[PDB]
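S.K.: Would you be able to build a 3D model of this:
(2 chains, ligands or ions: 2)
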Amino acid sequence: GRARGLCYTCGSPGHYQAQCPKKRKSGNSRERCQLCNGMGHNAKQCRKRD
RNA sequence: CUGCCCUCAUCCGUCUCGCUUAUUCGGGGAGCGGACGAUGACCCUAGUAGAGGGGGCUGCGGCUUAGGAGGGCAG
Ligand SMILES: [Zn+2]
Ligand SMILES: [Zn+2]
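M.R.: Numbering: from 1, shown residues only, chains lettered A, B, ... in the order given. Ligands and ions are numbered 1, 2, ... in the order given. Below is the structure:
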């Protein structure tokens, strides 16, 4: 499926999911952190203590 | 304008800090705004402009870019 050029995340041409301006929520989120680029926890639970 | 970091994460501790609130108002109680701190990670390379590697996300096609808003610093 050569859909290159048409975004599927939002549905707007010119860019793709990788460059989707709506890239934030409503996706999947396995166990990564899109706030500190962390690998394991979630952004919603991303924070520091000591 | 771009990079990084922090805050909204119904987060925490600190702050002679600011605001609001209590039968629409003050150095206390609480919530929020600002600073500090979970790239677990950045470093290196050759022909140092810039470019690439794992690496950013992806419908794998890729491009190598940018990603909601406010503050600090750098050019
Ligand atoms: Zn899009
Ligand atoms: Zn995180």
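S.K.: how about the residues of chain A near ligand 1?
M.R.: A:7, A:9-10, A:20 (CB under 5 Å from the ion). For the C-beta atoms, the positions are set from N, CA and C on the backbone; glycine is no exception.
S.K.: Closest one of those residues to ligand 2?
M.R.: Nearest to ligand 2 out of the residues of chain A next to ligand 1 is residue A:20 (CB to the ion; 20.9 Å).
S.K.: Can you name the residues that contact the residue nearest to that closest one when sequence neighbours are not counted?
M.R.: The spatial neighbour of residue A:20 that comes closest, neighbours along the chain excluded (CB to CB, 6 or more residues apart in numbering), is residue A:9 at 4.1 Å. Counting by CB atoms under 8 Å, 6 or more residues apart in numbering, residue A:9 touches A:16-17, A:20, A:22-23, A:27.
S.K.: do that again at 10 Å, thanks
M.R.: A:15-24, A:26-27 (CB atoms under 10 Å, 6 or more residues apart in numbering).
S.K.: do residue A:24 as well
M.R.: A:9, A:34, A:43.
S.K.: In JSON lines, list those residues along with distance to residue A:50.
M.R.: Listed next are the contacts of residue A:24 as JSON lines, based on distance: CB to CB, whole Å:
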{"residue": "A:9", "distance to residue A:50": "37"}
{"residue": "A:34", "distance to residue A:50": "24"}
{"residue": "A:43", "distance to residue A:50": "20"}
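S.K.: is it possible to export the residues you listed to TSV including secondary structure?
M.R.: Shown next, in TSV, are those (DSSP: H, G, I helix; E, B strand; the rest coil):
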residue	secondary structure
A:9	coil
A:34	coil
A:43	helix
